[PDB]
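Quick heads-up: it's one chain on its own, the form deposited in one PDB entry, in structure tokens.
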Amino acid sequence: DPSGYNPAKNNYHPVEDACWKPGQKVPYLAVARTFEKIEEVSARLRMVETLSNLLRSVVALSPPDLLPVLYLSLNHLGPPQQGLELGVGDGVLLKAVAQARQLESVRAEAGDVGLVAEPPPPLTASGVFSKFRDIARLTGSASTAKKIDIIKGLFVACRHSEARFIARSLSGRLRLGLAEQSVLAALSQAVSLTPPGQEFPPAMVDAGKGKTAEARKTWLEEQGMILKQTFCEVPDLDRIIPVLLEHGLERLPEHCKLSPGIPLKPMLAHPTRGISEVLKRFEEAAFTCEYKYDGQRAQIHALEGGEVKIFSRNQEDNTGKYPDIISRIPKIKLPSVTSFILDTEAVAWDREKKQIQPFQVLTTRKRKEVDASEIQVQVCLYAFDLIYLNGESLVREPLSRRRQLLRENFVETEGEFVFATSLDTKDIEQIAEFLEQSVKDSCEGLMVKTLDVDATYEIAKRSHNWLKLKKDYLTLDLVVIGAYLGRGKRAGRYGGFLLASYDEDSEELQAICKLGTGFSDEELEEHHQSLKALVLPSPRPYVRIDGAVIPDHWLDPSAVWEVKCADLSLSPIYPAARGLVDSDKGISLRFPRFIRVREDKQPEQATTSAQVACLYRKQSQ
């Protein structure tokens, strides 16, 4: 019966076309039949609709199962502030699949571990979700063998395509072409066509029957926006879905409101090609340029009562990471400030030298540090936006209003709390001077944001309303030494390449980084046909990769390619220019990207390791 569930049929009847009786639990084969339908198409509009159909039947037949199927669709375990980690990777999964042959026999890997995984009672969407959370809670000695027993049990109770999606979910890559934005769209459409909370049989099955083409289309877009904006204020399905089922989507904003202590999605940013693009994109609109600091974003929450909370860009609870900010919280606020959401950037600060350390020094800090004195790498917050002030939300306020509120209610404590360096002007000469000074002041670039025109703190309108003017968006010449196999959208062809530089004194090619972005499918096919006969079974003696990942296809060094990167970093695993700067660490590329092939050059004529050292030395650090 559930083998024939087709949530992609025309005139889908949520009750008759369902595959489970009302009041019963949604079987996992139902959501697995839906997944197979979503991955068989490419248009998101047909993806959002096929999902949405399953969400109708769930809202009508088994309401309490809605939250589990949404998370199973999102491939998540709950709200990000919780932090439940699966702790299961490819190795753990392969072991569980064999216990249902041999680990070497299961080492086929197509690309996709689900295909390799392909009497008990049938599986349940809630039961599978509770088993996923059980796996996540398993910690301590022999916790792995406990996880593998649970996973082993799932694969035995799997049927049809259940084995390929359970394995995909646990591996962390469902690869459905459907993510959070379409899941919300499918949910908003679902509850608008089938309202929740109807006595069975539901008096309304399809609330878009008596509407025109423009009517339903415009209606569903307005309904989706009410849900999308509220999610951006409360990204917590455990907090939205109970309210959604109780009071409809129309009343959802009246209860799920932007509150301190509950994280909210921050304003993203889109890269600007140059000053010409930011001037054209912000035509006749005022624009302020700030210094994009190179650190980790800190969302400082000040709940009414004194409890301080700190979240990350992805709503991860970072309170235990910054006890110093939890202590210095009152030093940055004014007496009238009773509750506030500060949008700051946490960068490493050397209190002795009064300078900002690079990003790597920030990452050497402890994640769960109960000892405040044991914190060596100090931090200084750079506040650049305010989203809340004394019981009031500032989402619908322009940037000029939020800026004047931050500057008039927060004290600049030099060395620990300083406002971001800003410059409000339109002269192309002043913009270049501020851009050159930002790199001179140890910053990655310049942020460009409006002050009044489309300058509110609203994600659903445009999550990428801010502009990023980084210097690398305005290069090295390295040889290939090997190729890697592709996974997912890269199966059957090449996925990443390992590049190397030429050490003149050592007379050996030294691996400097891997390269897996910046090329089209036609260029990747041109790379395959060109670097095909160069396949070598063993590495050449002049090649040296040190601790880098051994390429699946050793290549005869003969291809010189141009690679651009953001920064040069000291590498713990690469041998490029080891000893030239650090005694035991080489040099690698931050954010590498492929540019073009240099057919005019040979491996001998490429970026030397001595050059890589000089480039790293002339890097403001």
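Note that residue numbering follows the sequence shown and begins at 1. We call the rigid core the largest set of C-alpha positions that still match within 1.5 Å between the two forms.
One more form of this protein exists, namely the form deposited in another entry; it is left out here, but the text below deals with it.
Option from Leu55, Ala32, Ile38, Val563 moving between this form and the one not shown, CA shift at or above 2 Å, rigid core reference: Just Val563.
Core-aligned C-alpha movement of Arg173 between this form and the one not shown reaching 2 Å: No: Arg173 shifts by under 2 Å between this form and the one not shown.
Large Cα shift (2 Å or above) at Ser520 between this form and the one not shown, core-fitted: Where the cores coincide, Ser520 still shows a C-alpha shift between this form and the one not shown that is 2 Å or more.
Shift of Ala533 between this form and the one not shown at or above 2 Å (CA, core fit): Indeed, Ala533 is displaced by 2 Å or more.
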